[PDB]
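Coordinates in review
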Amino acid sequence: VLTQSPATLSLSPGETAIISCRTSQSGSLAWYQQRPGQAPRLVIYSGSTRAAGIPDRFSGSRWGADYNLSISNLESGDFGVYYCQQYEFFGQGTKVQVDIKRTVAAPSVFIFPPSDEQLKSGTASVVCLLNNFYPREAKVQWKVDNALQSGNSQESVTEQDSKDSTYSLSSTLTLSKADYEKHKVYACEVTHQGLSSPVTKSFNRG
Amino acid sequence: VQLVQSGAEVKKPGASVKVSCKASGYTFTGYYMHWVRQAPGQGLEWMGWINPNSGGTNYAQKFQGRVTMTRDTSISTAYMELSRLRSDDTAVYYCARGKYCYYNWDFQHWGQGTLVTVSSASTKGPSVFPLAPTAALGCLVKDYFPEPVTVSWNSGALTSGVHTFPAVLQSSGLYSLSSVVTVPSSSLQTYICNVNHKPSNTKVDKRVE
Amino acid sequence: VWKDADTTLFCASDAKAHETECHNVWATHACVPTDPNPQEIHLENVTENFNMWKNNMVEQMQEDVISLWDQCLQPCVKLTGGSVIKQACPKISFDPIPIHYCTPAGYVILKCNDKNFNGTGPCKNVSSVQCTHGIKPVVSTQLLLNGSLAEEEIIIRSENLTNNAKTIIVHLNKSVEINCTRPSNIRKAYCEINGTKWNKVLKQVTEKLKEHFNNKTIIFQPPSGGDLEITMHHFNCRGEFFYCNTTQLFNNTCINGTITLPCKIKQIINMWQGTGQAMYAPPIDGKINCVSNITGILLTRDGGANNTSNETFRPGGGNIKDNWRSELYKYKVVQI
Ligand SMILES: *[C@@H]1O[C@H](CO)[C@@H](O)[C@H](O)[C@H]1NC(C)=O
C-alpha cells in the first residue's frame with residue numbers, strides 16, 4: 001500500500017518540510033495538498049514534476065520506494081495536509097501545521113458551573129477554560145470530589161492565535177443531573193510548561 | 001475547466017444519497033470521471049470511475065454492490081449514488097478528472113466537494129446556556145445537529161477577546177461548542193450572544209448576567 | 001535509414017463490382033485491388049520499437065469504418081441531442097470483407113514476426129511489407145469477432161496491466177464459434193456456444209493471465225454498469241443489431257454442455273460512431289443467422305484490489321479503436 005510519514009508536522013514559517021512516502025509497486029507517484037475546507041490541489045506528479053501555478057518553493061525527490069516532498073521557505077498558503085498517490089491508491093496523509101515560536105505563556109484558568117436552565121434540562125456541564133497560552137500542548141484533569149475523571153469530558157482547541165501566538169482551550173465535563181447532585185467538589189486541574197506545578201481551579205455546588 | 005458539485009447532504013443510516021458533478025470547459029465525453037472521498041480520520045479514498053461516452057464503470061472492490069455511477073451527456077453531468085448508507089460513510093465526496101494533455105490519474109481538477117453526513121440523529125435546534133462570570137464569560141451551545149453553527153456577540157459589536165471553539169461530537173450523536181469572551185472585571189453594560197443554526201432555522205440571542 | 005512517421009495510407013481489397021453488399025461496394029469505391037503478388041522482406045541485424053497503443057494506423061482505420069457506417073447504415077432517424085433528423089432508412093445487407101492497408105510512395109510498413117510479441121517494446125524479428133494482412137472491420141463488444149489468432153499460445157495485451165483504466169485485450173490462440181439465430185414466423189433471438197471448447201479456453205486464459213498477476217486467484221464478473229452496447233455482447237448481424245446477455249458465459253462453477261445465450265435485436269441504438277441514438281426500421285422477416293469466430297475478448301480489471309486474492313475482471317467494451325488495435329498491433333509506418 002502507500003505509507004506516508006511522518007504522521008504530523010509542526011513547523012514555523014520559513015523552515016523546510018520533508019514528507020516521505022513508501023510504495024511497493026512501481027509507477028507514477030503524485031502529491032496533493034489539501035487546505036482546510038477546500039478541494040485537494042495537485043502539487044506534483046511523476047514523483048518529480050511540478051504542476052501549473054506551483055512555485056519553486058515546492059520540490060519533490062525520489063529514492064526507491066521512498067518518495068520525498070520538500071517544501072522550502074514555508075508561507076501561509078502552504079499549511080494543510082499532504083497526500084502521496086499511486087494510480088487509485090493514496091497515502092494516509094500528513095498534516096502539516098503552523099506553530100509560531102514565541103515565549104512560553106501560562107494559561108488563565110476559569111471554571112464555570114452549570115447554568116440553572118441546564119440543570120432544569122436534567123444534565124450538567126462544567127466548563128473549564130484555559131486562556132492565552134503557549135505552546136499548544138497542555139493537560140486538563142477533571143476531578144469531581146477528588147475523583148479523577150477519565151473519559152467523561154470533551155476538549156476543543158482554537159487555532160494558534162496569529163497575533164499573540166497563543167492558544168485557548170475549552171474542556172467540558174458532562175454528567176446526569178442525578179450524578180451531578182451526588183458530589184460536592186468539582187475541580188479542574190491544568191498542567192503546562194509555563195506552570196511550575198499543576199494549577200487547580202475549583203468550586204463547591206453550594 | 002470547471003467542476004461544480006451539488007450541495008451538502010444529511011441522511012439517516014440505511015438511506016441513499018445522490019451527488020452530481022457538472023463539468024465545463026472541455027469535451028465532457030472525452031475524459032474518465034473518477035470519484036474520491038475523505039472521511040474524517042481517514043485518508044483519501046478512491047471509489048471508482050465512469051467512461052462518459054460508454055457510461056461504463058469500474059468500482060473499487062470494497063464498493064461493489066452499493067455504489068452507482070452514471071452520467072447525463074445532454075447536460076455534461078456525472079452522478080454518484082451511494083446506497084444503504086452507514087455512519088462511517090460520513091465524508092466529503094469529490095469528483096475528479098485527469099490532467100489535461102494522458103495518464104488519467106494525475107488529478108489536476110477537483111469539484112468543490114459535497115459534504116455528506118450520515119447519522120441516526122435528526123435535525124435539531126441547539127440549546128443555549130450561559131457561562132456566567134480578571135474575568136471571563138460565555139455561551140454554551142449544546143445538542144444541535146448537523147454542523148454548523150455561528151456565534152456573534154452583541155450583534156457583532158463585540159469581537160475582541162472572543163474565542164469561538166471548534167465543535168465536538170458527543171456520544172448522544174449531537175454536536176456541542178462553546179463561545180467565550182474575556183473582559184475587564186470592571187466592564188460588567190449588556191452582553192448578548194447571537195447564535196445561529198441555519199439547518200434548524202434556529203436563531204437565539206442570550207443575555208449573560 | 002528510416003524514421004518513425006505518420007502519413008496517409010490507402011486501402012486494398014477483393015471487392016467485386018457486381019457485388020452489391022454494402023462493404024464490398026464501399027471498397028470498390030474507396031479501395032484498390034489487393035496485391036496479386038505480395039512481397040515481404042525480413043532482415044537480420046535490425047531492432048525496432050513498437051507501441052500498438054500508440055499506432056496512428058488505428059486512427060485511420062477508425063475514420064474509414066466511421067465513413068463506411070455513414071453511407072451504409074444510414075438510420076431512419078438520428079437524435080444527436082442538439083437536433084433530430086429524419087432520413088431514408090435503406091435496408092442494410094452487409095458482411096465485412098477483409099481490407100488490406102497499404103503505404104504511399106516513400107513510406108513502408110514494418111511487421112513484427114516475433115511469435116510471442118505482446119504488443120509493446122523492441123522487436124528482434126522485423127520485416128518490411130507494403131500492405132497489412134486482410135482485416136475484417138468487425139464492430140463488436142466484449143467479444144472480438146472474426147479476427148486473427150495467436151500463432152503459439154494465448155496472449156494478454158495491455159498498455160499498463162497495473163493501470164485498471166488501461167484496456168485488456170485477450171488474444172486467443174484457438175477460436176471458438178458462436179452461432180446466433182432468430183427463427184422466422186419477433187425481437188427475440190438466441191446464441192449457441194460449445195461449452196467444452198469455451199471452458200477449456202477459459203482455463204487456459206485464466207492460467208496465462210494469472211501468470212501475469214503473481215499467481216493470485218482470478219475471478220470473472222458481469223459488467224458493473226453502463227449502456228446496453230457495453231454490458232452485452234453487441235454486434236451487427238445481417239444489418240440487425242444484436243445484444244446478447246453474456247452473464248451465462250462467465251459461469252464460475254463449471255470450471256460444459258453447449259451453453260446458449262439469450263439475445264435481442266434492437267431498432268434503437270447508441271451510435272458507437274459518435275454521439276446520439278439512432279432509430280433503424282423494424283427487423284425484417286425471415287430467419288436471421290450469424291455464425292462468428294470468437295478470437296478475442298475485452299476486459300476491464302476492477303480497481304481497489306486490496307487483499308491479494310480475487311482480481312475481478314469484467315468483459316469490457318472499452319473503446320472500439322481497440323478492435324482495430326487487436327489486428328493492427330504488429331505493424332508501423334516508417335518513412336524512408
Ligand atoms: C464473421 O464471419 C462470418 C464468416 O466469415 C460471417 O458469416 C459473419 O457474418 C461474420 N460476423 C459478423 C457479425 O460480422
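Residues numbered from 1 in each chain as written, not as in the entry; some residues may be left out. Chains lettered and ligands numbered in written order. Heavy atoms only, no water.

1. Here's the deal with the overall build of chain C
A tally of regular secondary structure across chain C gives five helices and 24 strands. Its C-alpha atoms give chain C a radius of gyration of 21 Å, near enough to 20 Å, the size a compact globule of 336 residues would have. Along the longest, intermediate and shortest principal axes, the C-alpha atoms of chain C span 65 × 55 × 40 Å. Split into buried and exposed, the 336 residues of chain C put 51% on the buried side. Approximately 16,200 Å² of chain C is accessible, and the part contributed by carbon and sulfur atoms is 49%. (Helix = DSSP H or I, 4+ residues; strand = E, 2+ residues; numbered from the N terminus. Rg over C-alpha atoms; globule rule 2.2 N^0.38 Å. Buried < 20%, exposed > 50% of the residue type's maximum accessible area, 1.4 Å probe, protein only. Areas by Shrake-Rupley, 256 points an atom, 1.4 Å probe, with all protein chains shown as cover.)

2. Digging into the state of the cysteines
Residues and elements named next belong to chain A. Inspection of the entire model under this criterion finds 12 disulfides over all chains. Each disulfide pairs two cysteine sulfurs, and for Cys 21 the partner residue is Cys 84, the sulfurs being separated by 2.0 Å. Taking the torsion about the sulfur-sulfur bond, which here is approximately 50°, the covalent link between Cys 21 and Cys 84 counts as right-handed. Residue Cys 21 is located in strand β3 (residues 17–22), and its partner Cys 84 is located in strand β9 (residues 80–86); the two are separated by 63 residues in the primary sequence. Across the pair, exposure class does not vary: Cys 21 and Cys 84 are buried alike. (Disulfide = S-S within 2.5 Å.)

3. Side note on the nonpolar core
With 46 residues, the main nonpolar core has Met 33, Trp 35 and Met 80 of chain B as its most contacted residues. With six residues, the top contributor of residues to this core is strand β9 (residues 91–98) of chain B. Counting residues in each nonpolar core, the second largest holds 37 residues, with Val 176, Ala 189, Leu 249 and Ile 265 of chain C among its members. (Core = buried A, V, L, I, M, F, W, Y, C linked by side-chain atoms within 4.5 Å.)

4. A closer look at the interface of chain C and chain B
The partner chain B presents 20 residues to the 20 residues of chain C that form the contact. Of the roughly 1,400 Å² buried between chain C and chain B on both sides combined, carbon and sulfur atoms contribute 37%. Scanning the region where chain C abuts chain B turns up one salt bridge. A salt bridge links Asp 227 of chain C to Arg 71 of chain B, with the shortest nitrogen-to-oxygen separation between them at 3.1 Å. Residue assignment for the side of chain C that touches chain B shows that the elements contributing at least two residues are β22 (288–301) and β23 (311–315) of chain C. (Contact = heavy atoms within 4.5 Å. Buried area = accessible area lost by both parts, 1.4 Å probe. Salt bridge = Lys/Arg side-chain N within 4 Å of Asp/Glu carboxyl O.)

5. Some thoughts on the site of the ligand
All names here are of chain C. Around the ligand, the surrounding shell consists of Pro 96, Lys 136, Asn 146, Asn 236, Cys 290, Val 291 and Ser 292. Within the contact set of the ligand, an oxygen atom lies 2.4 Å away from a side-chain nitrogen or oxygen of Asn 146. Between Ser 292 and the ligand, the recorded distance is 3.1 Å, taken from a side-chain N or O atom to a nitrogen atom. Coverage of the ligand by the protein amounts to 71% of the 360 Å² it exposes when considered alone. Across the shell around the ligand, the residue classes break down as three nonpolar, three polar and one charged. (Near = heavy atom within 4 Å. Polar contact = N/O pair within 3.5 Å; in protein donor to acceptor, adjacent residues only side chain to side chain. Nonpolar A, V, L, I, M, F, W, Y, C, P; charged D, E, K, R; others polar.)

6. Notes on helix α1 (residues 22–30) of chain C
Of the positions making up α1 of chain C, those classed as buried are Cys 22, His 23, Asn 24, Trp 26 and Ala 27 of chain C. For α1 of chain C, the N-terminal capping position is held by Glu 21 of chain C, with its side-chain oxygen 2.7 Å away from the main-chain nitrogen of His 23 of chain C.

7. Details of the packing of aromatic side chains
How two aromatic rings sit relative to each other is set out by the distance from centre to centre and by the angle between their planes. Tallying each qualifying case throughout the model produces 26 aromatic pairs over all chains. Ring geometry for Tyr 180 of chain A and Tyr 186 of chain A: centres 4.9 Å apart, planes at 35°, overall tilted. Per residue, the accessibility class of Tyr 180 of chain A equals that of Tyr 186 of chain A, and both read buried. Taken together, a centroid distance of 5.3 Å and an interplanar angle of 10° make the contact between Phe 235 of chain C and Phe 242 of chain C stacked. (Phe/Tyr/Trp six-rings, centres within 6.5 Å; stacked < 30°, edge-to-face > 60°.)

8. Re the pattern of salt bridges
One pass over the structure, following the stated rule, counts 26 salt bridges over all chains. Its salt-bridge partner being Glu 311 of chain C, residue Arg 301 of chain C comes within 3.8 Å of it at the nearest N-O pair. Separated by 10 residues along the polypeptide, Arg 301 of chain C in strand β22 and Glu 311 of chain C in strand β23 bring together distant segments of the chain. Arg 301 of chain C sits in the buried class, given a relative accessible area of 5%. When its relative accessible area of 7% is taken as the criterion, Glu 311 of chain C is described as buried. Within the structure, one salt-bridge network assembled from shared partners comprises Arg 37, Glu 45, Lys 62, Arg 66 and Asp 89 of chain B.

9. Structural notes on the sheet that holds strand β17 (residues 167–176) of chain A
Paired through backbone hydrogen bonds, the strands of a sheet run either parallel or antiparallel to each other. All names here are of chain A. The four strands lie next to each other as β12-β13-β17-β16, forming an open sheet whose pairing is antiparallel. Each of the sheet's edge strands pairs with one partner strand only, and the pair in question is β12 (108–112) and β16 (153–157). For this sheet, the mean angle separating the axes of adjacent strands, direction not counted, is 15°. Alignment of strand β13 (residues 123–133) against β17, held across nine bridges, turns out to be antiparallel. By the bridge assignment, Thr 123 is partnered in β17 with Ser 176. (Pairing = 2+ DSSP bridges. Axes fitted to C-alpha atoms, helices over the stretch in contact; angles between N-to-C directions.)

10. Side note on unusual backbone geometry
Residues apart from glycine generally show negative phi values, whereas peptide bonds are mostly found in trans. Here the amide bond leading from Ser 5 of chain A into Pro 6 of chain A is cis, since omega sits at 0°, within 30 degrees of zero. Along the chain, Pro 6 of chain A turns up in the loop between β1 (3–5) and β2 (8–11). With omega at -5°, the peptide bond leading from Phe 145 of chain B into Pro 146 of chain B counts as cis. Assignment of secondary structure puts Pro 146 of chain B in the loop between β13 (135–144) and β14 (149–153). Of note in the backbone geometry, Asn 132 of chain A takes a positive phi value of approximately 55° without being a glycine. Mapped onto the elements, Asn 132 of chain A comes out in strand β13.

11. A look at the domain arrangement of chain B
Accessible area lost when the parts come together is the quantity often used to give the size of an interface. Residue and element names in this part refer to chain B. The assigned domain composition of chain B is domain 1 (1–120) and domain 2 (121–209). On a C-alpha basis, the centres of domain 1 and domain 2 stand 35 Å from each other. Between domain 1 and domain 2, the residue contacts involve five residues of the former and five residues of the latter. Together, the buried faces of domain 1 and domain 2 total about 380 Å²; carbon and sulfur atoms form 58% of this surface. Taken together, domain 1 and domain 2 are joined by zero salt bridges. (Domains from an automatic or database assignment.)

12. Topic: the interface of chain B and chain A
In this complex, chain B contributes 35 residues to the contact, which on the side of chain A involves 38 residues. In total, chain B and chain A occlude about 3,000 Å² of area from one another, counting both sides; carbon and sulfur atoms represent 65% of this. Our count for the chain B to chain A interface comes out at one salt bridge. Between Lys 206 of chain B and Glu 117 of chain A there is a salt bridge whose closest N-O contact spans 2.8 Å.

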